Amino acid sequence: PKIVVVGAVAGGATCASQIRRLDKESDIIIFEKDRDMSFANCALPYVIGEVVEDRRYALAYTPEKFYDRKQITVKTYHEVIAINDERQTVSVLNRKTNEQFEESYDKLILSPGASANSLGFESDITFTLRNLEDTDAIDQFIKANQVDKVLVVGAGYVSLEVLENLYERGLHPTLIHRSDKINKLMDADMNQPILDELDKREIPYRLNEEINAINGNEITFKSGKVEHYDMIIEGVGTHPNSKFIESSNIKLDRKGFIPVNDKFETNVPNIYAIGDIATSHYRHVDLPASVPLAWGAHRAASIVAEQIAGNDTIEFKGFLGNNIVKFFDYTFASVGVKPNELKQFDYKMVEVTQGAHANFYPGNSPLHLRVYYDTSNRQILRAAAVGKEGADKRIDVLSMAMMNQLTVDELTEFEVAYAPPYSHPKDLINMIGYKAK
């Protein structure tokens, strides 16, 4: 079939590539509104930090290389401005020429993702971070202005990664956030090490703080404080790129996301939606779920490829919401329903804090593991782990447990790989099971 894809990055380019793996005949075209396809979204903060300096790590392909290798046509600087689902075309704006045209499709795959929110100030020194265009512009602004002091706004994983990278680059960031609710995917009382790592490095932060006014480099804050900054990076949330979808027959929720079934089909025949734009359900509980992360974009890309050109019995089984961030020496990982969603269950919490590996063994660091379970059936609802070492391991194991409908009690049966550098004979995971009841 003739396949059109909207968005040429984590969901879209991946999906198109996966289809080509299965189907060498179909015409495939991707429209991307910005300059680059296949940029490495998750690498961006590290590019800014000069931790990642090879351009080849910043983006996988140009349209020319992608066509040469895969015979997939990608048109950059082409923005889809409407979906004409009844006539099975999309309307596309060529942004170089400022002329629009219709492109027909047999199958349409929407992976437009989200855009960064902006505070709205009229400021030449303020930047958001979403793509490689943004990344290049930030790097260039730092160099042209000999930037030293940077204000980082917001305390989600993106902002936190950007802050760390600015620091490692040798700049001097200050972090502010409008509330004390930092790193919101993690249990609020488990985020202290973020603040400790800031303090340890004498990196200033202010919570319950906001930009009030900007006058050149002079920033006035809600607290009443007045400071001078060379640059500002705003990480104040994102919004779904769905405005171009609203006039079509595609069902959107009230927040502008696209609900999909387990084949990533929208309500409209022959139109799929994947990536950050799509909403689904949890795998382990009967609740809606939105998990705007890379795993989901990639998993959906594969499922859609099977749906269109492969085994159409392959369907999504729902999200677990596994997520993770590094901040200096610490790892913050969690899986399952969000803190705010726990209230829909009768639940209990169990926790253990123990060395990631043998107590007698050097280089040890306390790992805090917390598990929430449903009192009605003992099923695991959510897990969270924070520590310098071993948090990723414990959370991935618990992700696999939740995939298999394990009860908290059965965690005593988990057979850990034990030697002194790695764990304990009764691992933190086993201890959760013992401590449950």
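From 1 onward, residues are counted along the sequence shown.
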Pick between 210-218 and 164-172: the one whose mean CA B-factor in the entry is higher.
210-218
Mean CA B-factor: is it higher for 50-58 or for 35-43?
50-58
Highest Cα B-factor in the deposition, which of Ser280, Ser123, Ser104, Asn322?
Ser123
Top residue by Cα temperature factor, when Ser242, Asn84, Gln71, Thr266 are compared in the entry
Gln71
Going by the recorded CA B-factors, say which third of the chain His78 sits in, lowest, middle or highest.
middle
Using only modelled residues of the chain, where does the Cα B factor of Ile274 rank: lowest third, middle third or highest third?
lowest
Temperature factor at the Cα of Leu406, chain-ranked in thirds, falls in the highest
Within this chain's modelled residues, let me know which third the CA B factor of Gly336 belongs to: lowest, middle or highest.
lowest
Could you place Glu64 in the lowest, middle or highest third of its chain by Cα temperature factor, using the values in the record?
highest
